[PDB]
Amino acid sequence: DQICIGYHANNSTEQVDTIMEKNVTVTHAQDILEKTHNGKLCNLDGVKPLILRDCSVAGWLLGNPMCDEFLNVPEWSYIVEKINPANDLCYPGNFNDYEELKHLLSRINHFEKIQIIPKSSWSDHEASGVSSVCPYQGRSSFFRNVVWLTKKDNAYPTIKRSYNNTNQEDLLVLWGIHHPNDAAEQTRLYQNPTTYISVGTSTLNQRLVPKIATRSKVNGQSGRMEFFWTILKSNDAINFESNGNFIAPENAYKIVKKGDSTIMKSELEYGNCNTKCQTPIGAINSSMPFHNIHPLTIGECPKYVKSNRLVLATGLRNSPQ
């Protein structure tokens, strides 16, 4: 007669590693590494992303004629662009402190476009300014949130304009300057050969003089446009003075900003999903402490790790008799 002492076995082929032993077959195990994603862009903690398909932030803000115009969400938790987007600046240029702008717009609690200076209020300047790299439906056109001012009759009187932010929300205001190719273009467009833009706030004290020089044609254009912005505080006023080259605000944006995220680059499509953690390759179900999906995550995420496998032995050695 015999009585033996021993332990459980089963059909499990789950293997685990120890400090001292590799590939120990074990009865039960638990991977602590998250490896699966859902292949979709999702709301993040309940808030939809701002998805710009083939649009830059710059072209979206300026009201680019290509880009879709039902791209008005009251609020967003992160922004998604394509890896390489196609609708940036129709007229060659740049945006000043562009990266800080993108970062500030990456998460917005409230956003609302308002008209700040009607296009029709320019009585003694032409507002009809337009170019053949900014078509809208076939006619040479322009950005819709911003107006290219040019001389009327044969004159460009000094512009002196102010806007008092009466809203209790802070205002994102955009304007630019046009850098012509030569003095002939300068006076053709603005009459006055020598020209300035001055912009004033409780905080901002700006003076821009256009740079008139020979330049590389970019999309056939040798001129440049440079855009600028600020946040006009609740009861503050912005003051514009210019005698040429001024690309004026038409619309501005009420903005409430309580925190940040970033700009994601993803080819993916919006699913109708909710996640605590979004990746550019899909969303992730953020229960495990570690993941190996992608480093560029947004949300409350597990820690990114360079591993295939993190498997914790739970049951016993499976060496059956």
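Quick note: we count residues from 1 along the sequence shown, nothing fancier.
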So, looking at the entry's B-factor column for Cα atoms, which has the higher mean, 57-65 or 290-298? 57-65
Between 79-87 and 153-161, name whichever shows the higher mean Cα B factor according to the PDB entry. 79-87
Among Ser141, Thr203, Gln191, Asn243, single out the one with the highest C-alpha B factor in the record, please. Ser141
Scanning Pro210, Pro92, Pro135, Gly176 for peak Cα temperature factor in the entry gives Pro135
So, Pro280's CA B-factor, relative to its chain, sits in which third? The lowest
Divide the modelled residues of the chain into thirds by Cα B-factor and specify which third, lowest, middle or highest, holds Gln15. middle
Assert third(CA B-factor, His125) within chain per record equals highest
Place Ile114 in the lowest, middle or highest third of its chain's C-alpha B-factors, as listed in the PDB entry. highest
Record-listed C-alpha B factor of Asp31: chain third: lowest
